[PDB]
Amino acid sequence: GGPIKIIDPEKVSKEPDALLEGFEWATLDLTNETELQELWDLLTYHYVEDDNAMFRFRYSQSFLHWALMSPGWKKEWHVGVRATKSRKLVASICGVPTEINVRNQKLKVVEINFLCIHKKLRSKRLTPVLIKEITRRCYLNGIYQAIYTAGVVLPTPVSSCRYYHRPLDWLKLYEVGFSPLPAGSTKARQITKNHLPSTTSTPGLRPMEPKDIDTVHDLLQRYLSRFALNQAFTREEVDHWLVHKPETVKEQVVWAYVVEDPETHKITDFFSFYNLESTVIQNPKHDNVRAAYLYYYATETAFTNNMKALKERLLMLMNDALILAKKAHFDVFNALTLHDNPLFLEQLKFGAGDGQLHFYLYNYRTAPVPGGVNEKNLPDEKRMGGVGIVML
């Protein structure tokens, strides 16, 4: 495929379009703690809810710092709208730069995230106005393509993936209304079903350390290249997205583990997962669901091109991930059908979700890509090799 249109740099407007009366554009400076707070206040009460109004995503301030100030980031791409009189932040749309591979073409893009409109300004056609203004701001900086995911269907998706959920603390997920009691069964039998080992089983598995950066970078890129659509990681991005920094990050967001070969001492696998709570909206017993999401991972056994061998190693690596997540007090472990994940989701007892994530490319045309599912929307080993990028 290829780009849909060429942008004339000389016709990109210097000033933004007009906004609804009483409102004005504002560039957010998220190094300023009050503005980061303002953004957190908007998202906490106005961001992504499920269709039953039971859970709302609760990105923490530390997550946002991490997600929005990654290598190459520009404040010009953190876009707000404020009420002119109260100065209150009522809408947002953000991007960060990265490079992607789309069928062996390498593309400079922005990843678009955190589109949010205060509930009281909904249904006023403000979204197209947000979208068009961040577009202009990117165009001024020499970026002309974007990638994004959404829960809703818009023109020409590149792929689609289903959410899966492996219960770590089943009872709490039972009390919040998330997990069913099905149907001639017992709390105890469900806890039994979900009970995990207390120690990990992969030989040489330890926490990732800064010294592992170069070797993990190399393994990740090799693995990711087995996917038609992937993130082309830099060294700095491996550092930023995978290596938690104790001294500077007060609330930990990223968790990475490597597999040091007991004999050769070369890293042969790694996996990672991040922390993203949901607010439980109307609930007596509980306030908070603590969720871990599967992130990037890689394994040398994938290059043996033996699908049975890969299944074996992933079944073991991922079950250690569950055990480690449980140990860090997470209530549920979430994954999508992207990567080689259909090889293990069901067998490790993830239950199919109702959530769907659709993937989009702006100003770039390419043939559809497999999302790990089939025409019944259930995991399928023949339908992988497509989506290799995970977006927050």
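Residue indices: 1-based, along the sequence shown. Definition used throughout: the rigid core is the maximal C-alpha set that superposes within 1.5 Å between two forms.
When the other structures are laid on the shown form by the rigid core, the stretch among 176 to 184 and 139 to 147 with the greater C-alpha deviation in 8 other deposited structures of this protein turns out to be 176 to 184.
Of the two segments 46 to 54 and 328 to 336, the one whose CA positions lie farther from the displayed form in 8 other deposited structures of this protein, once all are superposed on the rigid core, is 46 to 54.
Once the C-alpha B-factors are averaged per stretch, 19 to 27 and 366 to 374 rank with 366 to 374 first.
Averaged over CA atoms, B-factors in the entry run higher in 294 to 302 than in the other of 112 to 120 and 294 to 302. As recorded in the PDB entry, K266 shows the highest C-alpha B-factor of the residues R137, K75, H244, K266. Within the group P210, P284, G80, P128, the record's highest C-alpha temperature factor is found at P284.
Looking at the C-alpha B-factors along this chain, the one for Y59 belongs to the middle third. For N334, the recorded CA B-factor ranks within the middle third of the chain. Only modelled residues enter the ranking. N52 sits in the highest third of its chain by CA B factor, as recorded in the PDB entry. For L68, the recorded CA B-factor ranks within the lowest third of the chain. Only modelled residues enter the ranking. Among the modelled residues of its chain, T44 has a C-alpha B-factor that falls in the lowest third, as given in the PDB entry.
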